[PDB]
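Contents: one structure, followed by commentary.
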Amino acid sequence: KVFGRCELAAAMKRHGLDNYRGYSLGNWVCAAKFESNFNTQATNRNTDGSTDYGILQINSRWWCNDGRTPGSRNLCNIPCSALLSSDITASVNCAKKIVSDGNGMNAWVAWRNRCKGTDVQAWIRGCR
Ligand SMILES: [Cl-]
Ligand SMILES: [Cl-]
Ligand SMILES: [Cl-]
Ligand SMILES: [Cl-]
Ligand SMILES: [Cl-]
Ligand SMILES: [Cl-]
Ligand SMILES: [Cl-]
Ligand SMILES: [Cl-]
């Protein structure tokens, strides 16, 4: 599923992600835009052989199991395919774990490089 901007803001809020760990909703929408272009089915292989899955590009090196990332953990206790569903619940639950891990949203290097410090409220501007 490819979400629209306000549609994804509303789904993130309904799953408790707004102001989670202090990160306003615009930060989470901005991160999703640049990680996946709002596409739940996005996947991207990393040079190390892990893969990033779903609308927040959760990495199989730590967070989910895809059966092909040797030496990697599954700290969200979830198959990485669960992170590609139209329903964003599994991605949001796993994002809550990640953002609690010590470095906040810096875990998402697109957030750090493209969202951090910017006017992230523009991402929710106009949304009901
Ligand atoms: Cl957009
Ligand atoms: Cl915001
Ligand atoms: Cl992989
Ligand atoms: Cl997803
Ligand atoms: Cl694996
Ligand atoms: Cl392994
Ligand atoms: Cl959803
Ligand atoms: Cl980047």
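Numbering of chain A is taken from Swiss-Prot, so the residues present carry the numbers 19-146, in order.
Method of determination (from the header): X-ray crystallography, 1.4 Å.
A Cβ is built for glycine as well, from the same backbone N, Cα and C atoms used for every other residue.
Looking at the candidates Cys133, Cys145, Swiss-Prot gives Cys133 as the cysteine bonded to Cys48 by a disulfide. Just so you know, the Cβ of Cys94 (disulfide bond) picks up 22 other Cβ atoms within 10 Å once every protein chain is counted. Of all the recorded positions given, namely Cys48, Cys82, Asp119, those whose Cα is no farther than the 10 Å limit from the Cα of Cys112 (disulfide bond) are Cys82. Proximity note: of the listed disulfide-bonded residues (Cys24, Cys48, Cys94), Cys94 have a CA within 10 Å of the CA of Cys82 (disulfide bond), given in sequence order.
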